[PDB]
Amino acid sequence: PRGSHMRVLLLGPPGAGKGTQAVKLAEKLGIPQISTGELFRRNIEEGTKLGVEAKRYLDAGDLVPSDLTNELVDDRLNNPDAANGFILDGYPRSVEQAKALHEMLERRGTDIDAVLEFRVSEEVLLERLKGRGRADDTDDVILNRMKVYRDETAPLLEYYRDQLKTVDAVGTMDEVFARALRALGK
């Protein structure tokens, strides 16, 4: 047994349960969870200049351009709360963001420890998103987000192939939590 100070990526399509498990893992491991969707939504609700520009992209299910997202994650990781590890939820979502992340962490003398892919069939995703009812959880937006995932984000499974663990993310919250912990060796 080696300690809990880890840097974990959760990768997976919209609805895979990433936000859900990131909160549970953050509590268990004693490290913050960081959601790029959450940070954009806060910017939007405080009406920042970033919020104003990001909203067109969030509303449509598109990714916010990478220059804005990379800068935002770089800034968040400057918080001393993230100094002994973190769980990232929804970033990186493209190979460009993965290379940008590598640079950010290298500057700070560290790197990613583990990468968990939340594997969930599309039928399950749809039922979950329809039950969630967030603003972007509509049929046309969900379709776009799925294409976004396939086109931009799914290539990360190959990029992180050496660190990747796939989790059967269909089951109870407790079931999936235990599976994610086994994947982390915890």
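All residue numbers refer to positions in the sequence shown, first residue = 1.
Look at the mean CA B-factor for 84-92 and for 104-112 in the entry; the higher one is 104-112.
When 155-163 is weighed against 43-51, 43-51 comes out higher, by mean CA B-factor as recorded in the entry. Highest CA B-factor among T69, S35, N144, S121, as stated in the entry: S121. Remark: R150 belongs to the lowest third of its chain, ranked by C-alpha B-factor as recorded. Residue-level temperature factors show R179 in the lowest third of its chain, judged at the C-alpha atom. Among all modelled residues in this chain, the alpha-carbon of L58 has a temperature factor (C-alpha) in the middle third. Split the chain's modelled residues into thirds by C-alpha temperature factor. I31 is in the middle one.
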